[PDB]
Amino acid sequence: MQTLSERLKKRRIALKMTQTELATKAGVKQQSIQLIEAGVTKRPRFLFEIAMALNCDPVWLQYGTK
Amino acid sequence: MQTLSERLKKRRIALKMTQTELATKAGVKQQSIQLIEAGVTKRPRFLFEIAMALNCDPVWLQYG
DNA sequence: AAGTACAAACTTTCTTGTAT
DNA sequence: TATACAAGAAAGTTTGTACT
């Protein structure tokens, strides 16, 4: 009953990644990862480019489990 | 194929729907979809939703 | 009518700059 | 070195309509 911001952290934290390694594995600016993480951004448009970076299912990041 | 556009049309039609029909099930605006196929929307926000009306795969729909 | 396009307005996301 | 906040610019979505 998670947020997307919660999945980004746990994931990015578990791949032991800074917000700038992730921000950049995925070609983003770190400030963009932050926002998603902040609860600020809710439908990142780079949701696929970043899942690649986190190596996770885009649909899981975006939406949760069941 | 190519572009998101090429992939979006083909399949709409082939699914046999119209912008307004899709868009109404993707449940966005006929217009949002016009811009996509039109090649102006490079990265939909309703993509899991569009693609899910068309009934496929977002990755597949987005890219391939 | 039926189906698709075209355009400003309004919104959400991503960046250019620091601050902490 | 890592993360966070603030305006504004870019990408998308709606609102409204014109054309075939």
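In what follows, chains carry the letters A, B, and so on, assigned in the order in which the sequence lines appear, proteins first and then strands, with residues in each chain numbered from 1. Heavy atoms only: backbone and side chains are in, while hydrogens, waters and symmetry mates are out.
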- Query: Do the side-chain N and O atoms of A:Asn55 and A:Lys25 include a donor-acceptor pair separated by under 3.5 angstrom?
  - Reply: yes
- Item | Closest approach of B:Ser32 to B:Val28 (non-hydrogen atoms, all atoms of both residues) | OG-CG2, 3.6 Å
- Message: On the nucleotide C:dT4, are OP1 or OP2 found under 4.0 Å from the side-chain N or O atoms that B:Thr18 carries?
- Response: yes
- Message: Between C1' on C:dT15 and CD on A:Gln19, what's the gap in Å once rounded to a whole number?
- Response: 15 Å
- OP1 or OP2 of C:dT4 under 4.0 Å from side-chain N/O of B:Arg12: yes
- Message: Can you work out whether A:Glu21 or B:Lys42 has the more 5'-proximal nearest nucleotide on DNA chain D?
- Response: A:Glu21
- Note on the structure: Here the distance between atom P of D:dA4 and atom CG of A:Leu8, to the nearest Å, is 11 Å
- A:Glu37 side chain to A:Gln19 side chain, donor-acceptor N/O pair below 3.5 angstrom: yes
- More than 12 non-hydrogen atoms from neighbouring residues, nucleotides or ligands closer than 6.0 Å to CE on B:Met52, yes or no? no
- Task: Tell me whether the guanidinium CZ or amine NZ of A:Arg43 lies under 6.0 angstrom from the six-membered ring centre of B:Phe46 and within 45° of its axis.
- Result: yes
- Have a look at A:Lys29 and say if it touches a base, only the backbone sugar-phosphate, or nothing, with a 4.0 Å heavy-atom cut-off. sugar-phosphate
- For A:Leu35 and D:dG8, give me the distance from atom CG to atom P, rounded to whole Å. 16 Å
- Task: Specify the separation, in whole Å, of atom CD of B:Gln31 and atom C1' of D:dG12.
- Result: 13 Å
- When rounded to whole Å, the CZ to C1' distance for the pair A:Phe46 and D:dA11 reads 9 Å
- Message: Taking only side-chain N and O atoms of A:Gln34, does any of them lie within less than 4.0 angstrom of OP1 or OP2 on D:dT3?
- Response: no
- Contact class for B:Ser32 (heavy atom, under 4.0 Å): base, sugar-phosphate, or nothing? base
- Donor-acceptor pair (no angle test) under 3.5 Å: B:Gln30 side chain, C:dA5 base: yes
- Note on the structure: When rounded to whole Å, the NZ to P distance for the pair B:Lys9 and C:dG3 reads 15 Å
- Query: Separation of B:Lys16 atom NZ from C:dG3 atom P, in whole Å?
  - Reply: 15 Å
- Note on the structure: Whole-Å distance, B:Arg43 CZ to D:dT13 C1', equals 17 Å
